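The chain below stands alone and is given as structure tokens, in the form deposited in one PDB entry.
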């Protein structure tokens, strides 16, 4: 039976003079031990091929938002995929979700990140609006 992990937000973080916002994740479903949430990143322990999906629900008013999913490993940062979505100007209509997913080879030791490249991004903590998960294939 395949290893899987579905994660939802506990809170959002944004370092001082960075222009980055990330999510502190918590597991709500887990089978197997190939994956482990460790705060705002997810560590891979079992080398192999994984379906990886990300949704973020944005409430920002700025031109465009979108999250970047990348894998740190082997001295590199590699971008796996990115979701881009344009935002309305009207602020009471800023409720837009961005879903992307793909299949990628991950090695044990790799760190997976989900970054939104603005500071203090207005991201929903709602577990059904913003989430992240994994299925070993």
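Numbering follows the first chain given and starts at 1.
Heads up, the form deposited with a partner chain bound isn't pictured, but that's what we're talking about next.
Contact annotation for residue 82: at least one heavy atom lies within 4.5 Å of its partner chain in the bound PDB entry.
Residue contact with its partner chain in the bound PDB entry: residue 61 places a heavy atom within 4.5 Å of it. Though the partner is left out of this view, residue 93 does reach within 4.5 Å of its partner chain in the bound PDB entry, counting heavy atoms only. A residue is said to contact a partner when one of its heavy atoms sits within 4.5 Å of a partner heavy atom; residue 111 fails this definition for its partner chain in the bound PDB entry, lying far away.
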